[PDB]
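*Asks:* experimental structure and sequence below.
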Amino acid sequence: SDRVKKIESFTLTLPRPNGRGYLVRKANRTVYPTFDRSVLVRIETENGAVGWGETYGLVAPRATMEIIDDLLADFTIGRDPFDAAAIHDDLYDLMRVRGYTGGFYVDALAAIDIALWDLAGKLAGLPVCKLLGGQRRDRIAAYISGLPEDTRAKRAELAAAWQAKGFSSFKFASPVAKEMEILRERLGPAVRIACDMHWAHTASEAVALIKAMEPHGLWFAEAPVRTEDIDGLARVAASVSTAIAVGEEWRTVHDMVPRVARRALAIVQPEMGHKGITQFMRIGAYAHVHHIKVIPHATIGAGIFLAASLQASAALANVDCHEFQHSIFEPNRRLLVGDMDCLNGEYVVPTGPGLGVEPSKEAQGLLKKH
Amino acid sequence: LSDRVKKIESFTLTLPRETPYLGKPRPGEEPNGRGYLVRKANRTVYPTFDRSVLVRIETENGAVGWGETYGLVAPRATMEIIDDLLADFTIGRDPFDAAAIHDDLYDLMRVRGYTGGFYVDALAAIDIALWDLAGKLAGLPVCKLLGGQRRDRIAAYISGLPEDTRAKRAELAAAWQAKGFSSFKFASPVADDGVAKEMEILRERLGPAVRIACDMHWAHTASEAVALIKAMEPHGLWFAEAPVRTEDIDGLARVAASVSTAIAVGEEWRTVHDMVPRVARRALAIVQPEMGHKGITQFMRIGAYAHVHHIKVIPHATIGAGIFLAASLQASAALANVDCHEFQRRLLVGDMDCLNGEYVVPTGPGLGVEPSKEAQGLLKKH
Amino acid sequence: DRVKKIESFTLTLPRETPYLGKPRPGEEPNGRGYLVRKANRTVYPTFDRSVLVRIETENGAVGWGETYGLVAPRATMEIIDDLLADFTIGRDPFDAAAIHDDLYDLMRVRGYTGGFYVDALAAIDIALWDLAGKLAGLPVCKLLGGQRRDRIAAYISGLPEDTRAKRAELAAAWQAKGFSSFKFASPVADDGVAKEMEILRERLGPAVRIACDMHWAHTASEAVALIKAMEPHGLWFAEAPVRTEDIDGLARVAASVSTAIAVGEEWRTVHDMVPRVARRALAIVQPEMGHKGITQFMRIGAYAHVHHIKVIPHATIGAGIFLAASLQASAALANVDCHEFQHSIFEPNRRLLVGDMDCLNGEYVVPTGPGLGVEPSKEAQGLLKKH
Amino acid sequence: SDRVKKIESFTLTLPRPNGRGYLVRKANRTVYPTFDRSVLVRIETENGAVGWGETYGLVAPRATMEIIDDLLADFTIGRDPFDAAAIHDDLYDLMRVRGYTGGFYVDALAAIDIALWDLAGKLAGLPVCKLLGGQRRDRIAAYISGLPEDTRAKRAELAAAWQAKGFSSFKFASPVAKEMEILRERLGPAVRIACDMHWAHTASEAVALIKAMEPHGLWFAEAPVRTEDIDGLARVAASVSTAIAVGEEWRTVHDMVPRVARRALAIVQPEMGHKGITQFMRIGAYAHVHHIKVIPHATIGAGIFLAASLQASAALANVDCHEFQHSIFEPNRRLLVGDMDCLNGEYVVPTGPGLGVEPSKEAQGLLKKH
């Protein structure tokens, strides 16, 4: 029965618009870094076992690390990794009554949670999914996310290149019915194609856009309206055949309850980097009870939370497919040791104990301690 | 090694005669030729001796897991479901896949409407042994596999209050209060002078400290249940258990919306699917899962659904060998929102106990309990 | 004049081709002859089997009942022999429905209100009703309110052939035999249900009715897409489009398509029905007599009447006894539009039965009483294995 | 037309249980500092006008300051203070789609917002409330919040001492029907008394507790159940006469919409330190349309956001009363210059332009820059 001894948080800052390297895209008005960055967490136990965790580090990563280093670490040191979920709950209860129930606070918890589960797995010599109810899958279907090219012609080509590599599921970021046609045209009628609509529409607009895409067989519509527009979302889902998909920006199972109450989604798209295993599973288990499909999100990252996501996805009954960030996943290979792969439209669930991946010895060299 | 399930066996085990929940059986309630009798108070069938079904699962290496479900009525049926169907689908699988195994076993028969009753009784016994195994294989208590150990003690409350008069029922209650109990539940069928007089004599006898709940035992319309609840509230009512019939979901929702008291249901359910419609109608404040009907997987799912919807968990308890009791305590030690646990020894080894109004969670790997060598000799094989 | 003796039996007949078609690669039977079908994760036997109950009164009248026995039939018989029999002996068959309730009340508070337990009730119930008809010299439908009908429209269910075109041809054969309503199972639609409707509509013409049984394993979104893909071809009804437990999903599917939504075969009591009609979730109920028994079957029919819902009874694997109950009860119900007809089961099973039940020219001929009007033949009784 | 030139954030750490000075109270399981700390913001314009802002700094204050210094400052420099509300919106839109819609993120925005409004006022030579639609009040009723004494007898005395000072409205923190009786007993039947129930109850428990207090004339019940238990809240409000009060832990008007939809509150209790003027007003304006009373929260602070709160409260039609943190407000006097006072059960709305208060020259000496 080994216990948490030490907790360090880091950034990893890889290169790929204002002074500090921040730009703001103008169809969601959202800020972006012009480089890749995530926050990593290393947790060592008394007997020298090491767990790794990760969360977003795109903007103000020193905030998240502070929360970890100023508050969370002290209430986590001395605890048992096998109480990972109970620990996540106590740490959540620390700040919930002051409205710290999402954003950077839950990010900080995600990173910690993931490493406790990593550590749990290594310590029991099992991959996490075998601590999460069982392994249901060795592989998980993957879909191609975002064609980041200058014109639609140049984007269809890129689609068809990934089709030529054994991928038969695709998402394009709308920010509209033409883009859909050429993608159906170039890719044939067996491939499934989803549209990410990036939040910036009223229910009315989203419905007209969705209805103009349905004649080409729209797989799902993601984020048709703003997060807070629960009414618009429900109105959108009751007005179209097409499955509506949301969840990437949530933090806990509580975020989901209102949306299933209003029967406003067919698909949850949880993002592990934002949630951590405990909450991820809680979202997947809720969706299970309510016959909602799970299609986890993927994003810029070192690949730790990603690995954490595949382990959980392997445990969840309702996981149909998983997002594949090619432009992220490809260059970020060198930074990891382990059997995590994606090829021929399928992620390979890692097998080693824990997450089954670790940052390489050289990736650890690139870390900047907080 | 990757130790897989090699063998599954089913047994019945006859249990020591207790004082039954409702007495003290009246005349005109004699067992028929086959051993079964019917209570007038609930038109419900009861065996002459209490009895449960036990399942023993051995892995390839020789690791042993125990599970247990109800064996009160037609236990051969439940055992046939295991021996004929489920066994051959469990063999070869990994105990660490117990919850996925359960989903697959459930999926075999669900479209034909075998979604509760005897079928889940059968899955529950299997599920519990599988989790026992996972525990032992990993050398960890079950709660350490379910998210962590939140407590090592679970508050208990007294359920058995069977005597002739109110005076004797009160005396009995007080006898348990001196043994360390501060929570009680009485059954309204036993309340011969009305539920109100039952409450009055208990409140004064036990003081304003103790909390006192009522198992209303299903046989009421909503309207009747509300009237009886309101007539109890004055005397400080903890909760009202099973105020209406199970199928009566509107009735339940209506009772819940008409009284301040906490409405508690859950013991006769089988899976988390049974809970959804009740909370969608805001019709309960307390779930009372019964481990012997549900198994660790479903019980945890009911527990986690209750967490999301701010419902308290107060597990049911029934006569048994102690295997599903141990499972229930392991699961209760993991659940955030388990308030307390129902309570109503010579058969198991392990450090499970109930004293001073508290359950003691067993410490070993797995469930923390095993049948003794002697008890193993009492098992009648199917 | 009271019930004196109650015996339970299995009847096991071997199959040339396992139900619903030949297994796909990873669908081989196990040690005991149990395969698992991937499309619906459901377990099937390779042989046909069912449980039959024979009930005898003090004066020597005999009633027959029958329930499912596909899987673990000794469980159902155990319930009947260990518990139910001794609470049924001594009662009057004319109290069939009251008896059904008495026996149901025996176990309800422990949650045994479905599955195998009601299976056991269903079989006793049918034999009880059978007795009542025999004792009174009446067909069962003349104790259930009246005979409204002596023919019932039948529809061809299941088309066991390897290719789309071979299945269409099978349809066409039964069309020539006088049937004009059809249902195909989606676990069989290799090229996808859309192409299946296309060809069936092509092969059979514009006038014929064609439904799709979707076998549960779908989310609402999924089911809506599939239905809408089939609708240009003229869809009669969608059966089991989502999970039984998925009441919200069913409601949303019902609301999202003009196509009639059909459910009911896996329920056990009228109680299962309430939530689904409350949510406006079905146009059609499909009770399966072998799971429900006459009493419950009529409660469900009466509810559909009250709530303006069509009744199209389910038909399945079995000797014909509980199917004969199905025809009797359908005969007494206002809302019965039609009744499923498993040709591939009914035809080879004729040998097992006496009586004048028939199904020909797109019509079930309702047996002319007394009781069920059908019974196991002397040869079928020789094959019965007692529990 | 002067514009934002420079933005600095600070902590102020006053003295009044683990190593770093954090304890966790066990009826809400919440973490607390054993000292008073808030985060202050100073914003100077091109022509040297100074605005002051403040937000929570109780836990991990360097996180909040980071968010301000790493992201917010750059998108705020060069803007016009008179666009304060529009600026708050653009800054909110920067991070909303990643789930940064509450907690530390909105705190950081509150602090900035408040100073933009301060600056707006000074720059127009008007107190803020005269930029917010008009002044409706010179004074705002105040109620005594929390009797922090060892026994109920010792707490009733303290109540009656504040009654002897012209205060006729009181709140006690439950963490129960006896405490209510002695407070009614000692204080007489004219005084109004509310109970803060600190979130940790199910609907069932909250109703029984409220019903046991109503026989002594309960003014309101605050936070009867957890924030996420919107159902429990609605059930509680439909089961008791007593007005139910919530809102202190919210962040934007969006938090409130679900609760008014379910008709789950009679009173909003916005906390300015958490929200900032823009959102505060939005909450007060929503409540206005829906006939909900506004009773703003008060808390440990230097008194900047407090002053900001009184300015907004002066502008809102539905402000019945305001919370008075005596144990905080009293010692924190020395740190401010301006005409902000509370006496005889009434706050005095400040009159100078802007917030009408500023940290003293010596308080500025105690600031630690980030």
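*Replies:* Received the coordinates, thanks. Numbering: from 1, shown residues only, chains lettered A, B, ... in the order given.
*Asks:* and residue A:88, what helix or strand is that in?
*Replies:* Per DSSP states H and E: residue A:88 is located in helix A:84-93.
*Asks:* starting at the chain centroid, how far to that helix?
*Replies:* From the chain centre to the centre of helix A:84-93 is a distance of 20 Å (Cα atoms, centre = their mean, to the nearest Å).
*Asks:* what packs against that helix?
*Replies:* helix A:103-124, helix A:272-289 (3 or more Cβ pairs under 8 Å, 6 or more residues apart in numbering or on different chains; DSSP states H and E). Bear in mind the C-beta positions are built from the backbone N, C-alpha and C, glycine included.
*Asks:* which residues sit against it?
*Replies:* A:72, A:75-76, A:79, A:101, A:106, A:109, A:112-113, A:116-117, A:120, A:252, A:276-279, B:147-150, B:334, B:336, D:28-30 (Cβ atoms under 8 Å, 6 or more residues apart in numbering or on different chains).
*Asks:* filter those down to the buried ones and hand me the PyMOL line.
*Replies:* If you want just the buried ones from the contacts of helix A:84-93 in PyMOL, going by 16 or more other Cβ atoms under 10 Å in any protein chain shown, the selection is:
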select buried, (chain A and resi 72+75+76+79+101+106+109+112+113+116+117+120+252+276+277+278+279) or (chain B and resi 147+148+149+150+334+336) or (chain D and resi 28+29+30)
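*Asks:* ok so, going back, ok, which of the helices and strands packed on helix A:84-93 comes nearest chain D?
*Replies:* Minimum separation from chain D across the helices and strands packed on helix A:84-93 (Cβ to the nearest Cβ) falls at helix A:103-124, 4.3 Å.
*Asks:* run through the helices of the stretch 101-250 of chain A in chain order.
*Replies:* Taking DSSP state H, counting those that start in this stretch, the helices of the stretch 101-250 of chain A run over residues A:103-124, A:152-163, A:177-187, A:203-213, A:230-237.
*Asks:* other SSEs contacting the second one?
*Replies:* The reference is to helix A:152-163. Helix A:152-163 packs on strand A:169-173, helix A:177-187, going by 3+ Cβ pairs under 8 Å, 6+ apart.
*Asks:* tabulate the CA atom coordinates of the helix holding residue A:88 in PDB.
*Replies:* Extracted in PDB, the C-alpha atoms of helix A:84-93 (Å, rounded to 0.1, in the frame of the first residue of the first chain):
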ATOM      1  CA  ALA A  84      -8.200   8.200  -7.100                       C
ATOM      2  CA  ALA A  85     -12.000   8.800  -7.600                       C
ATOM      3  CA  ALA A  86     -12.600   9.500  -3.900                       C
ATOM      4  CA  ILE A  87      -9.600  11.900  -3.900                       C
ATOM      5  CA  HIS A  88     -11.000  13.700  -6.900                       C
ATOM      6  CA  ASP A  89     -14.300  14.100  -5.000                       C
ATOM      7  CA  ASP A  90     -12.700  15.600  -1.800                       C
ATOM      8  CA  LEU A  91     -10.500  17.900  -3.900                       C
ATOM      9  CA  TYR A  92     -13.600  19.000  -5.800                       C
ATOM     10  CA  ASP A  93     -15.500  19.700  -2.600                       C
END
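*Asks:* how about residue A:238, phi and psi?
*Replies:* Note on residue A:238: backbone dihedrals following degrees, to the nearest 10 are phi -80, psi 0.
*Asks:* nearest residue to the middle of chain A?
*Replies:* Closest residue to the average C-alpha location of chain A: residue A:271 at 2.6 Å, with Cα atoms, centre = their mean.
*Asks:* for it, which non-adjacent residue is closest in space?
*Replies:* Excluding the flanking residues, the one nearest residue A:271 by Cβ to Cβ, 6 or more residues apart in numbering or on different chains is residue A:297, at 3.9 Å.
*Asks:* same check on residue A:84?
*Replies:* residue A:116 (3.8 Å).
*Asks:* am I right that residue A:12 is in a helix?
*Replies:* No - the assignment for residue A:12, made by DSSP: H, G, I helix; E, B strand; the rest coil, is strand rather than a helix.
*Asks:* residues of the stretch 251-370 of chain A that sit close to chain B?
*Replies:* Proximity of the stretch 251-370 of chain A to chain B (Cβ under 8 Å from any Cβ of the partner chain) is limited to residues A:253-254, A:257, A:278, A:282, A:285-286, A:289-290, A:315, A:317.
*Asks:* thanks again, I'm all set now.
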